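Structural characterization, general
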Amino acid sequence: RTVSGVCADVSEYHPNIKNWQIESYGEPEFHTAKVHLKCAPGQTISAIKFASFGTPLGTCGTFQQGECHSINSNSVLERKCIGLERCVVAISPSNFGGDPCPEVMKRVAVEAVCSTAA
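Listed as the method for this PDB entry is solution NMR.

**A short note on the side chain of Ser115**
For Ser115, the position within the fold is in the segment after β5 (107-114). Judged by its relative accessible area of 13%, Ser115 is buried. Side-chain polar atoms of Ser115 contact the backbone oxygen of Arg1, separated by 2.8 Å. Separated by 2.8 Å, the side chains of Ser115 and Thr116 make a polar contact. The contacts of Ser115, once residues within four sequence positions are left out, are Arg1, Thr2, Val3, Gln43 and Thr44.

**Examining the UniProt feature "domain: SUEL-type lectin" (unreviewed entry) in the chain**
Per the UniProt record, "domain: SUEL-type lectin" (unreviewed entry) is annotated on residues 34-115. End C-alpha to end C-alpha, residues 34-115 measures 24 Å, and it is 0% helix and 34% strand.

**A closer look at the pattern of salt bridges**
Applying the stated criterion across every chain, the model contains one salt bridge. With its nearest N and O atoms 3.9 Å apart, the salt bridge here joins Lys106 to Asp99. Given the relative accessible area of 58%, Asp99 is considered exposed.

Criteria and thresholds
Residues numbered from 1 in each chain as written, not as in the entry; some residues may be left out. Heavy atoms only, no water. Helix = DSSP H or I, 4+ residues; strand = E, 2+ residues; numbered from the N terminus. Buried < 20%, exposed > 50% of the residue type's maximum accessible area, 1.4 Å probe, protein only. Polar contact = N/O pair within 3.5 Å; in protein donor to acceptor, adjacent residues only side chain to side chain. Contact = heavy atoms within 4.5 Å. UniProt positions renumbered as here; feature names shortened; annotations may be inferred. Salt bridge = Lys/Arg side-chain N within 4 Å of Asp/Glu carboxyl O.

Dropping the structure here:
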């Protein structure tokens with residue numbers, strides 16, 4: 001029962017920053033941006049409309065390939081999304097397969113399809 005539609009827009013990020021906490025806490029495990037996806041209680045993700053980890057053009061609503069693509073930005077979604085009411089994927093060069101295009105900014109764009117339980 002198609003009845004939903006979510007899209008997350010994020011951009012790689014991990015500048016050398018050795019200073020971000022002046023309290024009794026610590027968490028040196030965040031050198032990249034994360035994607036936040038989640039549907040209402042009663043619906044489940046079953047398919048991915050688009051997913052690219054390189055230089056996607058357009059915006060949330062009609063993304064589109066640009067020129068550089070890792071030809072593998074869709075195999076990581078079906079493996080870490082479909083089958084869960086919520087989806088979360090960390091963008092990093094250690095979760096996809098090395099680096100895609102060199103000398104090219106890194107922008108992440110994704111789109112999930114939520115409907116109902118199957």
